[PDB]
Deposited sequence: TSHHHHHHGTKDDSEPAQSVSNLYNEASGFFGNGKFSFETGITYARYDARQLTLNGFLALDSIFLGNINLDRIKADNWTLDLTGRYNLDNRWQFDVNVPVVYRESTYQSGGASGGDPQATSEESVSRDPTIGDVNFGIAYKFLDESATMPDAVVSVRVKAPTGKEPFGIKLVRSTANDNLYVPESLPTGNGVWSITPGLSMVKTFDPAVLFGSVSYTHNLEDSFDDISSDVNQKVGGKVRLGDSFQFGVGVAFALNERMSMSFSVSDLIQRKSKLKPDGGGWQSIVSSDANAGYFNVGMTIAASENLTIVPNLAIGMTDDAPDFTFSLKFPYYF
């Protein structure tokens, strides 16, 4: 099996079957863009360890490290004039996000009739800086966060399914997953500087799926085209002594079109560049990533 084919399957399935222990370093850049303008430059360094057992089971742990920069622009401004200034920027120095781990089980091996199929579960912990309690600090009509979050503040569990099959030369693949967020509590759920309100949060659950095609171009390179869509239900807050109330407009549909490659730098090292184009306003405008899975 050519390296390109192996690397392709790893990328499409999330199941790294060539080896035994592997470590992937990833760098990702993502770009986002009372009436005010927010521009965000977000970098994520991903550190992922994987153990593949007999091409059947896989265990992984991922530690994301988040660097962020948001710029807030008002047109308040200076003072009361609907089209004047105003620029405030806020940043987060490199900090851990939400640590997570996954178990995957390959329940179908590809044959003439069957796909490679992998079932998986992913458990994510709330280790990142949560968004709840972050205060908006007041130019007169421009309020800006005192800090930026690096995670969503809750535990979550994500069972998933991946399928891959070669119809030479096209490799078709698809995937689907469901994220259940666990309810949790916080000392402060208010972003009012003047107040402190304890409360609980239920983050809306989400459904994710993707399909795509990939090609092995030569011994060392593959290319991939895919689409994906994430659908998130609205989120709810319960202040102490209050009831559950939904946050209007917290629901989301984040669609992406992805073009990527796999490049075998050696037997052990792959370079995986990818572009994800945001198709909806809930997605970043675009996302560039470069991943370096290394096999040992």
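Peer 1: Need the unmodelled segments of the deposited chain, numbered from 1, in order.
Peer 2: Those parts of the chain that were deposited but carry no coordinates are 1-15, 49-68, 174-176.
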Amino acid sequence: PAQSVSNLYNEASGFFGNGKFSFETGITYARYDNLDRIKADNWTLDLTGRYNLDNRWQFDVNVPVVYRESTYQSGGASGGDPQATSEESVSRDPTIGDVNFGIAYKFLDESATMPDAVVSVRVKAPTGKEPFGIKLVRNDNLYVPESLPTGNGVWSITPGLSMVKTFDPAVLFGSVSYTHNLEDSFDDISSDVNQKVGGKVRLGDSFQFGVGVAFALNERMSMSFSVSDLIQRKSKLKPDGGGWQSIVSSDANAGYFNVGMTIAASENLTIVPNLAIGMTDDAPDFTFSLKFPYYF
From here on, numbers count along this sequence of modelled residues.
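Peer 1: Would you tell me which stretch averages the higher CA B-factor in the PDB entry, 67-75 or 192-200?
Peer 2: For C-alpha atoms only, the mean B-factor is higher in 67-75.
Peer 1: Would you tell me which stretch averages the higher CA B-factor in the PDB entry, 79-87 or 129-137?
Peer 2: Comparing averages over the C-alpha atoms only gives 79-87.
Peer 1: Among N62, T28, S246, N258, where is the Cα temperature factor highest, going by the PDB entry?
Peer 2: Reading the PDB entry, the winner on C-alpha B-factor is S246.
Peer 1: By the CA temperature factor listed in this entry, which of these ranks top: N100, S222, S111, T179?
Peer 2: Highest C-alpha B-factor among the listed residues goes to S111.
Peer 1: Taking the chain's C-alpha temperature factors as the reference, tell me which third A104 falls into: lowest, middle or highest.
Peer 2: According to the entry, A104 has a C-alpha B-factor in the chain's lowest third.
Peer 1: Which third, lowest, middle or highest, does the CA B-factor of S13 fall in along this chain?
Peer 2: Middle third, going by the recorded CA B-factors of the chain.
Peer 1: Among the chain's modelled residues, which third holds the C-alpha B-factor of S226?
Peer 2: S226: CA B-factor falls in the lowest third of its chain.
Peer 1: Quick one: classify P115 as lowest, middle or highest third of the chain based on its Cα B-factor.
Peer 2: Highest third.
Peer 1: Among the chain's modelled residues, which third holds the C-alpha B-factor of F23?
Peer 2: Middle third, going by the recorded CA B-factors of the chain.
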